[PDB]
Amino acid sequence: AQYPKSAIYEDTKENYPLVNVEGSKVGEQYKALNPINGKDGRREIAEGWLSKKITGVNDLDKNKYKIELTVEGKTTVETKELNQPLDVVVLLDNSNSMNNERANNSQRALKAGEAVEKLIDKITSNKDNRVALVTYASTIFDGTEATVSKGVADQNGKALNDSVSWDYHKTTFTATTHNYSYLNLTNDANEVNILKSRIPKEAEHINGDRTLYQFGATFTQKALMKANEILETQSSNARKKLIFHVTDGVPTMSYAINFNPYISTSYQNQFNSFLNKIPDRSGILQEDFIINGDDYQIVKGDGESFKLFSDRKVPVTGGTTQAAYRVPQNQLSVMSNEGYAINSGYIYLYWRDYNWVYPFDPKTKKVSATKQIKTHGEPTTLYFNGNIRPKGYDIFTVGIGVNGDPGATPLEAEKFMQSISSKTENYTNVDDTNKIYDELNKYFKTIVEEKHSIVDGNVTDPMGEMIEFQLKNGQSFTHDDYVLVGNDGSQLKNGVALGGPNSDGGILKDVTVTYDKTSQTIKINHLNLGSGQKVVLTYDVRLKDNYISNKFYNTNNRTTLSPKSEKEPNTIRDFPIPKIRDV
């Protein structure tokens, strides 16, 4: 009437506690003992989990118990080139166009966001890999205060907001952005969950938060820059470096090329000079962009177009003539005094200079007589070639119904997106937002291989010395004498797997359960178990007649798993073993 508190694994020598089996009660004394906990009873091993426990007392007086045995496996990704850890930065477009309503409720932001979450999970299925996330639009959505410039101007470039929803003075906006970024590379399980909680699932509505709606354009350059900065300062050559970029549009903002109006050469020469600093002459160094300022003061574009404007006059919507702003009567006096160029109640509207074709002379406003930057793709591609291509990062780009709106042709747009990927084949434009994840997964598969932890594995379960395996007829082992089921709802029926999603036997296809009458050993053969694939074996046992009183007997001899019985026959994991006794 005394109990052993615990026993010992034969593969690692570490202890496992033995609890009491409740249903085995003979008034305040216990007849059987289970290992680990009184619940699921799992033992974690490098290939997954395994348990072996009495789940049922069949007949207490006669010592008849029901053993349950379970095996659950794992998956990882190992990187094809030389088990090298990855450092991965996801770039996610969260522009207004990504709103779930848009493109006939195509659910861009939701679907993209979920693709990213899935990819982040797969990536981090390898404890070693690291992830970081940058969500962007007019700026990086990282939970800090940001400013953007908006509006139009009169003929002397005095700025006004011409929208009837805003005061005319509202020509910059300032807001705290949503925190949709995680800007340190991390592999910490908790930090990764935080990172996942920051992946946007929606974008702004024009009549939702109208302020943040002003920050919903596409500044692809700032994002690319941020991915580069994270890798450059946080990664190493120890690690392989990947960038996945999910986007729904061509850039509509960009950093300016730092043309210099005060030196005496053609802007085309200044340009050729920027390029000549680079081995391949394909790009412009960071030092030659205007970066060191506040975005609203220095950037080009405001979300309006991929194009910068030759004609500085705002045209009428679907028309040719110059748009004009009817001044409200109660504001005529004030705008006049302020200095606006008012022509009999109306202000004629020009694009603000940040949207003009450039360079142009700061004094005379005259456009360059030579080189002209006419799009936001050009400078973005130049920055990319100049500062990112060199580093050799693998760069995949999944576009979502990219077509060039606003201001690019579909062809112009495909070229741009190719130009900001590692190879031409590293950009794919999907026509349907359910393919977003397939596409991200193809590319990732390029770099990694999925490996299930249990490949042709074997369980060996010999009965303990005082134990009788129960046979329904006392003589022959039959398929009626054990039950094997998989957590995908498949089962061995008469030694043939049936069930699971494809009516093919699932998880249990070609698995077999065999028995050796002599050694009294039950075996599971041919297990192939990935992540969250689990198999459960139940059978019946009886304690043999020749037993010694109040002495706990083991239910099995050494019970083991061989996770890969071909790939590493020597890898052998122990199962915990219950114990029983009677008088």
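Counting begins at 1, following the sequence as shown.
Visitor: Mean CA B-factor: is it higher for 550-558 or for 47-55?
Guide: Higher mean C-alpha B-factor in the PDB entry: 550-558.
Visitor: So, looking at the entry's B-factor column for Cα atoms, which has the higher mean, 458-466 or 173-181?
Guide: The recorded data point to 458-466.
Visitor: Per the entry's Cα B factor values, which of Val511, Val334, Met253, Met225 stands out as the maximum?
Guide: Of the options given, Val334 has the highest CA B-factor in the PDB entry.
Visitor: Per the coordinate record, which of the options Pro200, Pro379, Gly249, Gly319 holds the highest CA temperature factor?
Guide: In the PDB entry, the greatest C-alpha B-factor among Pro200, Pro379, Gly249, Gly319 is found at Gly319.
Visitor: Rank-wise, by C-alpha B-factor, drop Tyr346 into the lowest, middle or highest third of its chain.
Guide: Highest third, going by the recorded CA B-factors of the chain.
Visitor: By its CA B factor, does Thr144 count among the lowest, middle or highest third of the modelled residues in the chain?
Guide: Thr144: CA B-factor falls in the lowest third of its chain.
Visitor: Going by the CA temperature factor in the PDB record, which third of the chain does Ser165 belong to: lowest, middle or highest?
Guide: According to the entry, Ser165 has a C-alpha B-factor in the chain's middle third.
Visitor: Determine, from the deposited record, the chain-internal third of the Cα B-factor for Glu450: lowest, middle or highest.
Guide: Answer is highest: the recorded C-alpha B-factor places it there.
Visitor: By the record's CA B-factor, is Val483 among the lowest, middle or highest third of residues in the chain?
Guide: Lowest third.
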